[PDB]
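These notes concern the structure reproduced below.
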Amino acid sequence: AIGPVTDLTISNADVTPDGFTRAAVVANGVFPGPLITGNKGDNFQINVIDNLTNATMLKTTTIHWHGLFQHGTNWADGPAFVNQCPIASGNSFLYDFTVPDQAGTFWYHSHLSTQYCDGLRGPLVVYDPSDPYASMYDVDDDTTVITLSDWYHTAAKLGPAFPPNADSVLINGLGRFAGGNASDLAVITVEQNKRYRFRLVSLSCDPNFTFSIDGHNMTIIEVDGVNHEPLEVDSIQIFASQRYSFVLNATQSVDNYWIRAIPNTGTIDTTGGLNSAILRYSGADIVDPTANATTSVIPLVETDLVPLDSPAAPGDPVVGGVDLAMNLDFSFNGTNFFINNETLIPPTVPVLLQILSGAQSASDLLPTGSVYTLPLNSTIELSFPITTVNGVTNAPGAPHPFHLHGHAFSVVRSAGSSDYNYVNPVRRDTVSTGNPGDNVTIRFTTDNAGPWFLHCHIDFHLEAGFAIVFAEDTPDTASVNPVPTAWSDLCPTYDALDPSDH
Ligand SMILES: *[C@@H]1O[C@H](CO)[C@@H](O[C@@H]2O[C@H](CO)[C@@H](O)[C@H](O)[C@H]2NC(C)=O)[C@H](O)[C@H]1NC(C)=O
Ligand SMILES: *[C@@H]1O[C@H](CO)[C@@H](O[C@@H]2O[C@H](CO)[C@@H](O)[C@H](O)[C@H]2NC(C)=O)[C@H](O)[C@H]1NC(C)=O
Ligand SMILES: *[C@@H]1O[C@H](CO)[C@@H](O)[C@H](O)[C@H]1NC(C)=O
Ligand SMILES: [Cu+2]
Ligand SMILES: [Cu+2]
Ligand SMILES: [Cu+2]
Ligand SMILES: [Cu+2]
């Protein structure tokens, strides 16, 4: 598609992906936003131009590049009031970062409040010119990126704080709803005998999908950017913001098959052509698939995923055997979520800026009680217990997929299991915290200077303040992250704007 140097033009326009036309916030006119492409070691320069006129979906914007470590470029990370002030309408801003150590599938989405649910979301792929799996597949390009997105007929700010379900599930940006127009479905074409590398992206706001293909199989090689040992899989449970790359061996008779993406919540049912896309072998008739969905006997299990390189998790194999152990006490008061008796209500001055202003200790950072300081070259173990309590159950709205910015973590203990794995646990940038009784525990090493966000990636929870910030190596933040003029120009230019022009 575009990149590695290009412009993202962000504008308000009416779009109709499910048969229903509604105004949205979109990148380069099309939803989901255009595929940004680059190679390992390429220097990305993305000139985000803000041309927004609809106040109700926010005229100001900021884009995060999910899964990209952003070393030396913490300013360019995205999160509003953590890493930068939002870009004003009528202005433009350049995101100038190199990606030297990273190879695989990512995505980019607006990180200002709930804007990305209103449309500002697109896939982002970095390709590896020496990809250890290039002798597995024949095709990998634009028409192999499969984008799963939940879609809403009512706008983010206009509907409830916590939407119960999506109106439609969009595959490659095309799906249907209940009393649906029965309009266009997504069409993925394949040639006989040819291997396909499919890059599966979850641009979801809330629901998690059970992704499956009729009469076929998926061989996962990649989870959330990180290269993993090949896995035999029937169906993939992909939580919000997660990514998977699977190689599909096109070995079945020339026919139309269903590409299925059942969400966990909402209208679960293939009848109507809802939650579906078309897998069409080249030469079969331009009709709807008549294929049926079988039961899953070899489904995706997290604990089964093993990293391709450097599989051992940091820290010695012990519960607590780590430099800094931290446990997150969750709770919910009706409107807002809480981590350690605190909620993230975003400060006037970005967490980053605060450090460049000379702030150092956790006591001096804002918001207070929510910014934790982490020393460098120390190993960190986090744990997300979803508990049933005395009869209360903290953190409803489960399961919650927690994402850590600027790091790829080893998931030593996964949802649904109580065993700990330190020898070769899966390595990813967002993990499901699961259901009550799951003490999901993750480990990662502090190899990145600057402030980083840790939040549930269900965007409606994010807005409820289910988040904390890691001020990782505060003394070196200033120096290790050189800030361009455009970035420092943002906060004085943004605070001048009226709530009307927000
Ligand atoms: C700005 O965007 C909003 C939300 O995207 C639009 O709100 C629509 O308003 C009409 C009448 O109030 C409703 O029937 C629709 O439900 C709203 N859309 C959504 C998605 O909720 C609004 O029309 C926009 N203003 C313009 C004209 O650009
Ligand atoms: C979830 O797991 C963590 C450890 O991985 C538990 O936290 C530790 O629990 C022990 C008691 O077993 C305490 O002495 C430690 O001080 C705890 N670590 C802290 C304070 O970060 C945690 O209790 C588990 N959650 C539950 C209740 O299952
Ligand atoms: C819930 O917490 C939020 C933020 O802390 C607050 O605005 C609201 O007043 C709280 N509701 C209750 C139970 O008082
Ligand atoms: Cu994300
Ligand atoms: Cu991210
Ligand atoms: Cu959540
Ligand atoms: Cu984030």
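Naming scheme: A, B, ... for chains in displayed order of the structure tokens; residues 1 onward per chain; ligands 1 onward as shown.
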
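Selection of all polymer residues within 8 Å of ligand 4 on the basis of only C-alpha atoms and all ligand atoms gives residues 64, 65, 66, 67, 107, 108, 109, 111, 203, 241, 403 and 457 of chain A.
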
Sorted by chain and rising residue number, which residues of chain A lie within 12 Å of ligand 1, and what are their closest atom pairs and distances in Å to one decimal, counting only C-alpha atoms and all ligand atoms, as a Markdown table?
```
| residue | atom | partner | partner_atom_place_in_ligand_line | distance |
| --- | --- | --- | --- | --- |
| A:11 | CA | ligand 1 | 28 (O) | 10.6 |
| A:12 | CA | ligand 1 | 28 (O) | 7.1 |
| A:13 | CA | ligand 1 | 28 (O) | 7.7 |
| A:14 | CA | ligand 1 | 28 (O) | 8.3 |
| A:15 | CA | ligand 1 | 20 (C) | 10.0 |
| A:16 | CA | ligand 1 | 20 (C) | 11.0 |
| A:20 | CA | ligand 1 | 20 (C) | 10.0 |
| A:21 | CA | ligand 1 | 20 (C) | 8.6 |
| A:22 | CA | ligand 1 | 20 (C) | 5.1 |
| A:23 | CA | ligand 1 | 5 (O) | 4.7 |
| A:24 | CA | ligand 1 | 5 (O) | 5.4 |
| A:25 | CA | ligand 1 | 5 (O) | 7.9 |
| A:26 | CA | ligand 1 | 5 (O) | 11.2 |
| A:52 | CA | ligand 1 | 28 (O) | 9.6 |
| A:53 | CA | ligand 1 | 28 (O) | 7.1 |
| A:54 | CA | ligand 1 | 1 (C) | 4.7 |
| A:55 | CA | ligand 1 | 1 (C) | 6.8 |
| A:56 | CA | ligand 1 | 2 (O) | 5.6 |
| A:57 | CA | ligand 1 | 2 (O) | 6.0 |
| A:58 | CA | ligand 1 | 2 (O) | 9.1 |
| A:59 | CA | ligand 1 | 1 (C) | 10.2 |
| A:115 | CA | ligand 1 | 5 (O) | 10.5 |
| A:117 | CA | ligand 1 | 5 (O) | 10.8 |
| A:118 | CA | ligand 1 | 5 (O) | 7.4 |
| A:119 | CA | ligand 1 | 5 (O) | 9.9 |
| A:151 | CA | ligand 1 | 20 (C) | 10.4 |
| A:152 | CA | ligand 1 | 20 (C) | 7.6 |
| A:153 | CA | ligand 1 | 20 (C) | 5.6 |
| A:154 | CA | ligand 1 | 21 (O) | 3.9 |
| A:155 | CA | ligand 1 | 20 (C) | 4.0 |
| A:156 | CA | ligand 1 | 21 (O) | 7.7 |
| A:157 | CA | ligand 1 | 4 (C) | 7.9 |
| A:158 | CA | ligand 1 | 21 (O) | 5.8 |
| A:159 | CA | ligand 1 | 21 (O) | 7.4 |
| A:160 | CA | ligand 1 | 21 (O) | 11.2 |
| A:167 | CA | ligand 1 | 20 (C) | 11.6 |
```

Output N, CA, C and O atoms for every residue in that selection, as a CSV table (one decimal), in the first residue's frame.
```csv
chain,number,residue,atom,x,y,z
A,11,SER,N,-9.6,12.6,7.8
A,11,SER,CA,-10.7,13.5,7.4
A,11,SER,C,-12.1,12.9,7.8
A,11,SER,O,-12.2,11.6,7.9
A,12,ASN,N,-13.1,13.7,8.1
A,12,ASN,CA,-14.4,13.2,8.4
A,12,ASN,C,-15.1,12.9,7.0
A,12,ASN,O,-15.2,13.8,6.2
A,13,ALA,N,-15.6,11.7,6.9
A,13,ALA,CA,-16.4,11.4,5.7
A,13,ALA,C,-17.4,10.2,6.0
A,13,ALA,O,-17.1,9.4,6.8
A,14,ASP,N,-18.5,10.2,5.3
A,14,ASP,CA,-19.5,9.2,5.5
A,14,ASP,C,-19.0,7.9,4.8
A,14,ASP,O,-18.6,7.9,3.6
A,15,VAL,N,-19.0,6.8,5.5
A,15,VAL,CA,-18.7,5.5,5.0
A,15,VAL,C,-19.7,4.3,5.3
A,15,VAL,O,-20.3,4.3,6.3
A,16,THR,N,-19.8,3.4,4.3
A,16,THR,CA,-20.9,2.4,4.4
A,16,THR,C,-20.3,1.0,4.2
A,16,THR,O,-20.3,0.5,3.1
A,20,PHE,N,-24.9,0.0,6.0
A,20,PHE,CA,-25.4,1.1,6.7
A,20,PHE,C,-24.4,2.3,6.6
A,20,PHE,O,-23.2,2.2,7.0
A,21,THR,N,-24.9,3.4,6.0
A,21,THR,CA,-24.0,4.6,5.9
A,21,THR,C,-24.1,5.5,7.2
A,21,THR,O,-25.1,5.8,7.7
A,22,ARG,N,-22.9,5.8,7.7
A,22,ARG,CA,-22.7,6.7,8.8
A,22,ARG,C,-21.4,7.5,8.8
A,22,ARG,O,-20.4,6.9,8.3
A,23,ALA,N,-21.4,8.7,9.2
A,23,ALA,CA,-20.2,9.5,9.1
A,23,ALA,C,-19.1,8.9,10.1
A,23,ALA,O,-19.4,8.5,11.2
A,24,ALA,N,-17.8,8.9,9.6
A,24,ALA,CA,-16.8,8.4,10.5
A,24,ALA,C,-15.5,9.2,10.3
A,24,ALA,O,-15.3,10.1,9.5
A,25,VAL,N,-14.5,8.9,11.2
A,25,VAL,CA,-13.2,9.5,11.1
A,25,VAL,C,-12.3,8.4,10.4
A,25,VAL,O,-12.2,7.3,10.9
A,26,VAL,N,-11.7,8.9,9.3
A,26,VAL,CA,-11.0,7.9,8.4
A,26,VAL,C,-9.6,8.4,7.9
A,26,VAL,O,-9.4,9.6,7.8
A,52,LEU,N,-10.0,17.5,10.4
A,52,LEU,CA,-11.2,17.1,10.9
A,52,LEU,C,-12.2,18.2,11.3
A,52,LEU,O,-11.8,19.2,11.9
A,53,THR,N,-13.5,18.0,11.0
A,53,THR,CA,-14.4,19.0,11.1
A,53,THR,C,-15.5,18.7,12.1
A,53,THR,O,-16.3,19.5,12.5
A,54,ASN,N,-15.6,17.4,12.5
A,54,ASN,CA,-16.7,16.9,13.3
A,54,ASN,C,-16.2,16.8,14.7
A,54,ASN,O,-15.3,16.0,15.1
A,55,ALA,N,-16.8,17.7,15.6
A,55,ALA,CA,-16.4,17.9,16.9
A,55,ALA,C,-16.7,16.7,17.8
A,55,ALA,O,-16.0,16.3,18.7
A,56,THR,N,-17.8,16.0,17.4
A,56,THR,CA,-18.4,14.9,18.2
A,56,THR,C,-17.5,13.7,18.1
A,56,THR,O,-17.5,12.8,19.0
A,57,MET,N,-16.8,13.5,17.0
A,57,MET,CA,-15.7,12.5,16.9
A,57,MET,C,-14.3,12.9,17.1
A,57,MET,O,-13.4,12.1,17.0
A,58,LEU,N,-14.2,14.2,17.6
A,58,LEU,CA,-12.9,14.9,18.0
A,58,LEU,C,-12.2,15.4,16.7
A,58,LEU,O,-11.9,14.6,15.8
A,59,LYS,N,-11.9,16.6,16.7
A,59,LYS,CA,-11.2,17.2,15.6
A,59,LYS,C,-9.7,17.0,15.8
A,59,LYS,O,-9.0,16.9,14.8
A,115,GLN,N,-11.4,7.5,19.7
A,115,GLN,CA,-11.5,7.9,18.3
A,115,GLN,C,-11.3,6.7,17.4
A,115,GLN,O,-11.9,6.7,16.3
A,117,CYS,N,-12.4,3.7,17.3
A,117,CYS,CA,-13.6,3.0,17.1
A,117,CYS,C,-14.4,3.7,16.1
A,117,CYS,O,-15.1,3.0,15.3
A,118,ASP,N,-14.3,5.0,16.0
A,118,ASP,CA,-15.0,5.8,15.0
A,118,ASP,C,-14.4,5.7,13.6
A,118,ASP,O,-14.9,6.3,12.7
A,119,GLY,N,-13.3,4.9,13.5
A,119,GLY,CA,-12.7,4.6,12.2
A,119,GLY,C,-11.2,4.7,12.0
A,119,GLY,O,-10.6,3.9,11.3
A,151,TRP,N,-17.8,-2.9,14.2
A,151,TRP,CA,-18.3,-1.7,13.7
A,151,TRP,C,-19.6,-1.3,14.4
A,151,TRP,O,-20.3,-2.2,14.9
A,152,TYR,N,-19.8,0.0,14.5
A,152,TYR,CA,-20.9,0.4,15.3
A,152,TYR,C,-21.7,1.4,14.6
A,152,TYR,O,-21.2,2.3,13.9
A,153,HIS,N,-23.0,1.2,14.6
A,153,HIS,CA,-23.9,2.2,13.9
A,153,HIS,C,-24.0,3.5,14.7
A,153,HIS,O,-24.1,4.6,14.1
A,154,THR,N,-24.0,3.5,16.0
A,154,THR,CA,-24.0,4.7,16.8
A,154,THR,C,-22.5,5.1,17.1
A,154,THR,O,-21.6,4.3,17.2
A,155,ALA,N,-22.2,6.4,17.1
A,155,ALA,CA,-20.8,6.9,17.3
A,155,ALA,C,-20.3,6.7,18.7
A,155,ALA,O,-21.1,6.5,19.7
A,156,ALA,N,-19.0,6.8,18.9
A,156,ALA,CA,-18.4,6.4,20.1
A,156,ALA,C,-18.8,7.3,21.2
A,156,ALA,O,-19.1,6.8,22.3
A,157,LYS,N,-18.9,8.6,20.9
A,157,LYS,CA,-19.2,9.5,22.0
A,157,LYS,C,-20.7,9.6,22.2
A,157,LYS,O,-21.2,10.0,23.3
A,158,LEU,N,-21.5,9.1,21.2
A,158,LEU,CA,-22.9,9.3,21.2
A,158,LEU,C,-23.7,8.1,21.8
A,158,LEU,O,-24.7,8.3,22.4
A,159,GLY,N,-23.1,6.9,21.8
A,159,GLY,CA,-23.7,5.7,22.4
A,159,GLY,C,-23.2,5.6,23.9
A,159,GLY,O,-22.6,6.5,24.5
A,160,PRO,N,-23.5,4.4,24.5
A,160,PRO,CA,-23.2,4.3,25.9
A,160,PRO,C,-21.7,4.2,26.1
A,160,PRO,O,-21.0,3.9,25.2
A,167,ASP,N,-22.5,-3.7,16.2
A,167,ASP,CA,-23.6,-3.9,15.2
A,167,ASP,C,-23.2,-4.9,14.1
A,167,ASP,O,-24.1,-5.7,13.7
```

Original post:
Taking into account only C-alpha atoms and all ligand atoms, which residue in the set A:289, A:326, A:307, A:206 is nearest to ligand 6?
Top reply: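 Once distances to ligand 6 are computed over only C-alpha atoms and all ligand atoms, the minimum belongs to A:206.
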
Original post:
Any idea what's packed within 7 Å of residue 248 of chain A, counting only C-alpha atoms, ignoring anything in its chain fewer than 4 positions away? Could you give it as a ChimeraX atom specification?
Top reply: /A:195-197,217-219

Once you have the residues from the selection above, write them out as a PDB file, in the first residue's frame, restricted to N, CA, C and O atoms.
```pdb
ATOM      1  N   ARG A 195       0.988 -21.681  -1.817  1.00  0.00           N
ATOM      2  CA  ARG A 195       0.916 -21.322  -0.391  1.00  0.00           C
ATOM      3  C   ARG A 195       0.616 -19.824  -0.218  1.00  0.00           C
ATOM      4  O   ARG A 195       1.088 -18.974  -1.011  1.00  0.00           O
ATOM      5  N   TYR A 196      -0.162 -19.516   0.825  1.00  0.00           N
ATOM      6  CA  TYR A 196      -0.481 -18.131   1.173  1.00  0.00           C
ATOM      7  C   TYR A 196      -0.068 -17.783   2.609  1.00  0.00           C
ATOM      8  O   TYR A 196      -0.371 -18.538   3.544  1.00  0.00           O
ATOM      9  N   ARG A 197       0.673 -16.677   2.762  1.00  0.00           N
ATOM     10  CA  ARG A 197       0.899 -16.075   4.077  1.00  0.00           C
ATOM     11  C   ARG A 197      -0.144 -14.972   4.354  1.00  0.00           C
ATOM     12  O   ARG A 197      -0.143 -13.900   3.711  1.00  0.00           O
ATOM     13  N   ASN A 217      -6.905 -25.171   6.973  1.00  0.00           N
ATOM     14  CA  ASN A 217      -6.119 -25.074   8.187  1.00  0.00           C
ATOM     15  C   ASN A 217      -5.216 -23.849   8.204  1.00  0.00           C
ATOM     16  O   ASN A 217      -4.875 -23.280   7.134  1.00  0.00           O
ATOM     17  N   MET A 218      -4.813 -23.478   9.426  1.00  0.00           N
ATOM     18  CA  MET A 218      -3.919 -22.364   9.628  1.00  0.00           C
ATOM     19  C   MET A 218      -2.677 -22.811  10.380  1.00  0.00           C
ATOM     20  O   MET A 218      -2.747 -23.554  11.378  1.00  0.00           O
ATOM     21  N   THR A 219      -1.539 -22.397   9.822  1.00  0.00           N
ATOM     22  CA  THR A 219      -0.226 -22.677  10.386  1.00  0.00           C
ATOM     23  C   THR A 219       0.396 -21.360  10.882  1.00  0.00           C
ATOM     24  O   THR A 219       0.963 -20.589  10.100  1.00  0.00           O
TER      25      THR A 219
END
```

**OP:** Excluding segment 250-260 of chain A and any residue of its chain fewer than 4 positions from it, enumerate the residues within 8 Å of it, using only C-alpha atoms, and give them as an MDAnalysis selection string.
**Re:** chainID A and resid 190:196 210:216 275:285 287:292

Can I get the selected residues back with C-alpha atoms, as a JSON list (two decimals), in the first residue's frame?
```
[["chain", "number", "residue", "atom", "x", "y", "z"],
["A", 190, "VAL", "CA", -6.43, -17.84, -3.92],
["A", 191, "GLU", "CA", -4.69, -19.96, -6.66],
["A", 192, "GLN", "CA", -4.58, -23.80, -6.46],
["A", 193, "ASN", "CA", -1.41, -25.49, -4.98],
["A", 194, "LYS", "CA", 0.06, -22.02, -4.06],
["A", 195, "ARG", "CA", 0.92, -21.32, -0.39],
["A", 196, "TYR", "CA", -0.48, -18.13, 1.17],
["A", 210, "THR", "CA", -13.04, -17.04, 17.19],
["A", 211, "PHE", "CA", -11.50, -16.91, 13.64],
["A", 212, "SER", "CA", -11.85, -19.97, 11.51],
["A", 213, "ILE", "CA", -11.87, -20.98, 7.83],
["A", 214, "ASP", "CA", -14.13, -23.66, 6.34],
["A", 215, "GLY", "CA", -12.41, -26.87, 5.22],
["A", 216, "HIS", "CA", -8.93, -25.45, 5.70],
["A", 275, "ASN", "CA", -19.68, -12.33, 10.45],
["A", 276, "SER", "CA", -18.42, -13.84, 7.24],
["A", 277, "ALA", "CA", -16.05, -13.37, 4.28],
["A", 278, "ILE", "CA", -15.49, -15.32, 1.03],
["A", 279, "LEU", "CA", -12.45, -17.48, 0.34],
["A", 280, "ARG", "CA", -12.57, -17.99, -3.44],
["A", 281, "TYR", "CA", -10.23, -20.27, -5.34],
["A", 282, "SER", "CA", -9.48, -18.69, -8.74],
["A", 283, "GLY", "CA", -11.86, -20.13, -11.33],
["A", 284, "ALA", "CA", -14.85, -21.04, -9.11],
["A", 285, "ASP", "CA", -18.27, -19.37, -9.69],
["A", 287, "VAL", "CA", -21.49, -17.27, -5.77],
["A", 288, "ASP", "CA", -21.85, -17.37, -1.99],
["A", 289, "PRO", "CA", -20.03, -20.31, -0.30],
["A", 290, "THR", "CA", -22.18, -23.29, 0.68],
["A", 291, "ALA", "CA", -19.42, -24.65, 2.97],
["A", 292, "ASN", "CA", -20.26, -25.75, 6.53]]
```

Subject >> Every residue of segment 167-356 of chain A that DSSP places in alpha helix (DSSP H), as an NGL selection string >> reply: :A and (351-356)

**OP:** Write out as a ChimeraX atom specification which residues come within 10 Å of segment 97-104 of chain A when counting only C-alpha atoms, dropping same-chain ones fewer than 2 positions away.
**Re:** /A:4,38-46,67-77,94-95,106,124-131,199,222-227,243-245

Hey, which bits of chain A sit within 12 Å of ligand 6, and for each residue what's the closest pair of atoms and how far apart in Å (one decimal), counting only C-alpha atoms and all ligand atoms, rows by chain and increasing number, as CSV?
```
residue,atom,partner,partner_atom_place_in_ligand_line,distance
A:162,CA,ligand 6,1 (Cu),10.3
A:205,CA,ligand 6,1 (Cu),9.8
A:206,CA,ligand 6,1 (Cu),7.9
A:207,CA,ligand 6,1 (Cu),10.1
A:208,CA,ligand 6,1 (Cu),11.3
A:239,CA,ligand 6,1 (Cu),10.9
A:240,CA,ligand 6,1 (Cu),9.7
A:330,CA,ligand 6,1 (Cu),10.7
A:331,CA,ligand 6,1 (Cu),11.2
A:332,CA,ligand 6,1 (Cu),10.8
A:336,CA,ligand 6,1 (Cu),11.0
A:337,CA,ligand 6,1 (Cu),8.6
A:338,CA,ligand 6,1 (Cu),10.8
A:339,CA,ligand 6,1 (Cu),11.5
A:384,CA,ligand 6,1 (Cu),11.5
A:386,CA,ligand 6,1 (Cu),11.0
A:394,CA,ligand 6,1 (Cu),11.4
A:395,CA,ligand 6,1 (Cu),7.6
A:396,CA,ligand 6,1 (Cu),8.1
A:397,CA,ligand 6,1 (Cu),6.3
A:398,CA,ligand 6,1 (Cu),6.5
A:399,CA,ligand 6,1 (Cu),7.0
A:400,CA,ligand 6,1 (Cu),4.1
A:401,CA,ligand 6,1 (Cu),6.3
A:402,CA,ligand 6,1 (Cu),7.4
A:403,CA,ligand 6,1 (Cu),10.2
A:430,CA,ligand 6,1 (Cu),11.8
A:431,CA,ligand 6,1 (Cu),11.2
A:432,CA,ligand 6,1 (Cu),9.2
A:433,CA,ligand 6,1 (Cu),8.9
A:434,CA,ligand 6,1 (Cu),10.3
A:435,CA,ligand 6,1 (Cu),11.6
A:454,CA,ligand 6,1 (Cu),11.5
A:455,CA,ligand 6,1 (Cu),8.0
A:456,CA,ligand 6,1 (Cu),4.6
A:457,CA,ligand 6,1 (Cu),6.4
A:458,CA,ligand 6,1 (Cu),4.9
A:459,CA,ligand 6,1 (Cu),7.6
A:460,CA,ligand 6,1 (Cu),7.6
A:461,CA,ligand 6,1 (Cu),4.8
A:462,CA,ligand 6,1 (Cu),7.1
A:463,CA,ligand 6,1 (Cu),9.9
A:464,CA,ligand 6,1 (Cu),9.1
A:465,CA,ligand 6,1 (Cu),9.7
A:466,CA,ligand 6,1 (Cu),6.9
A:467,CA,ligand 6,1 (Cu),9.4
```

**OP:** Show me which residues sit within 6 Å of ligand 2 when counting only C-alpha atoms and all ligand atoms, and put them as a ChimeraX atom specification.
**Re:** /A:319,325-327,383,385,439

What does the file look like for those residues with C-alpha atoms, as a CSV table (one decimal), in the first residue's frame?
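And here's again28.csv as it stands now:
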```
chain,number,residue,atom,x,y,z
A,319,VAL,CA,7.3,-17.0,41.2
A,325,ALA,CA,7.6,-7.8,40.9
A,326,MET,CA,4.4,-5.8,40.8
A,327,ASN,CA,0.8,-7.1,41.1
A,383,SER,CA,0.5,-10.1,37.2
A,385,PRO,CA,-5.4,-11.5,38.6
A,439,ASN,CA,-3.7,-14.9,37.5
```

**OP:** Select from segment 95-285 of chain A everything DSSP, run on the backbone, classes as strand (DSSP E), then give the selection as JSON, numbers by chain.
**Re:** {"A": [95, 96, 97, 98, 104, 105, 106, 107, 108, 109, 110, 121, 122, 123, 124, 125, 126, 127, 145, 146, 147, 148, 149, 150, 151, 168, 169, 170, 171, 186, 187, 188, 189, 190, 195, 196, 197, 198, 199, 200, 201, 202, 209, 210, 211, 212, 213, 218, 219, 220, 221, 222, 223, 226, 227, 228, 229, 230, 231, 232, 233, 235, 236, 237, 238, 243, 244, 245, 246, 247, 248, 249, 256, 257, 258, 259, 260, 261, 262, 263, 276, 277, 278, 279, 280, 281]}

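Comparing A:82, A:1, A:30, A:182 by their smallest distance to residue 141 of chain A, the closest is A:1 (using only C-alpha atoms).
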
Subject >> Selected residue, from A:187, A:372, A:202, A:413, that lies nearest to residue 360 of chain A when counting only C-alpha atoms >> reply: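 Looking at the shortest contact to residue 360 of chain A, the residue is A:372.
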
Original post:
Pick from A:334, A:33, A:173, A:414: nearest to residue 161 of chain A, with only C-alpha atoms counted?
Top reply: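 Closest candidate: A:334.
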
Subject >> Nearest-residue call for residue 428 of chain A, choices A:475, A:483, A:389, A:305, using only C-alpha atoms >> reply: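 When distances to residue 428 of chain A are compared using only C-alpha atoms, the smallest one comes from A:305.
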
Original post:
Can you tell me how far atom 12 (C, counted along the ligand's line) of ligand 3 sits from atom CA of residue 469 of chain A, in Å to one decimal?
Top reply: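 Separation of atom 12 (C, counted along the ligand's line) of ligand 3 and atom CA of residue 469 of chain A: 23.3 Å.
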
Subject >> Counting only C-alpha atoms and all ligand atoms, the residue of A:408, A:2, A:298, A:486 that sits nearest ligand 5 >> reply: A:408

Subject >> Close residues, residue 272 of chain A itself excluded, 12 Å, only C-alpha atoms, min 5 positions apart in chain, as a VMD selection string >> reply: chain A and resid 175 to 183 185 267 288

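Note that the spacing between atom CA of residue 299 of chain A and atom CA of residue 270 of chain A amounts to 19.2 Å.
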